[PDB]
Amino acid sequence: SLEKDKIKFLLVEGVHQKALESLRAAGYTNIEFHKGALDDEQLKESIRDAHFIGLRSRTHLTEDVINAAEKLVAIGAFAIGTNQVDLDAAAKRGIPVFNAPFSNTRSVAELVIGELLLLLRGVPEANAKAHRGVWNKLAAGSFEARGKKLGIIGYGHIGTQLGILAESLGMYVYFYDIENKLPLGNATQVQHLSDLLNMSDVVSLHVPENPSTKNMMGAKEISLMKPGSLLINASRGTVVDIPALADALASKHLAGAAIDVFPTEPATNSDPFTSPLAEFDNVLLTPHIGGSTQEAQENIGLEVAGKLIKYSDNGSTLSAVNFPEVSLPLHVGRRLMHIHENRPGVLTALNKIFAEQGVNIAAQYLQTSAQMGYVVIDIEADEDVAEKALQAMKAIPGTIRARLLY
């Protein structure tokens, strides 16, 4: 309450109000909120005395910005992505970076369901025509989704949810994953990708962005899809050979597609968009909105705020993307924490401080990345003894930062 009032939370780019509700319910009310992106100079001014900052995709938390933030304890990327933030620079200063990598699984699943529905029915095509005054009711090849085969690639958080929704619509779900998984409902793992592609009326992609998925769907892979099928991609902009796809649409080997993500995307609603696909009416083209809904924002705000709250209240760095992960249950005494370089001697030095005072260490957890180490410490002591100890902890060769959580 009286200590907490003094911990400043800088929220920019308009994170969801639910984030500020969590913050207040946890006793943190010292919040500077902005709907808009702070510019370089107004950012440097606002972050200067900020304990935490939550941000989105437009803010550039850069080495200099981070290096100028003089009280900064942690960073919250209220989004999935994290590239606007310099993870190493935050690391070096003992600043863990949190985010929300699966707060939007429902949004993406629905989008796919809706897309394959209309695609199977030649609707994006007829609808482009109708707005042009041409009326082309072409029913010969339209189908109902029920009874048909969905091929999911990437049976992860989104894939599994997709498969469930697809079963409610009466489709048969099949998936390919580089690792083996336990199916839900009547899903079915398929061993080689060749079989999936062959038998699927609809193939949808839910994989991550790395070298194994780069151009994963290319001319060869596409021509294994069954004639007249559909390809949907709302995963990552690098997973599909757009020009191969364009060919297979022009040759009518595929009856249509939907793409929500591209190799390069406009930075802003006011930049021009370019794609070979723009020429096909039977293709649905969406500006990276797969995970973009009000519900997704509510989730993101709740999660990431919670993480910041937890790290502040008890030091947990579980799921931090730039730090070593550590969490310790609450039990009586005082908790302290200490970040430092990963060198022989530190842990002892740290512990020594307590032994030589005859203080009982109740629990301790320490984890360590290539160059850094972080460690939480519970101890049975007076506030007096803790403070003094903090000081001594700060002194230890290799110490980056330390703190007395309570």
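One rule holds for the numbers: they count along the sequence shown, beginning at 1.
In this crystal structure, the stretch out of 16-24 and 384-392 whose C-alpha atoms carry the higher mean B factor is 384-392. Annotation for 207-215 versus 233-241: the higher mean temperature factor (C-alpha) is found in 207-215.
Per the PDB record, 274 has a higher Cα B-factor than any other of 297, 319, 327, 274. When the C-alpha B factors of 144, 195, 201, 110 are read from the deposited coordinates, the top value falls at 195. In the PDB entry, a CA B factor belonging to the highest third of its chain's modelled residues is recorded for residue 354. In this PDB entry, the Cα temperature factor of residue 256 sits in the bottom third of its chain's modelled residues, the lowest group.
When the CA B factors of the chain's modelled residues are split into thirds, the value for residue 128 lands in the lowest one.
Per the PDB record, residue ranking by Cα B-factor puts residue 44 in the middle third of the chain. Per the deposited record, the Cα B-factor of residue 331 falls in the highest third when ranked against the other modelled residues of its chain.
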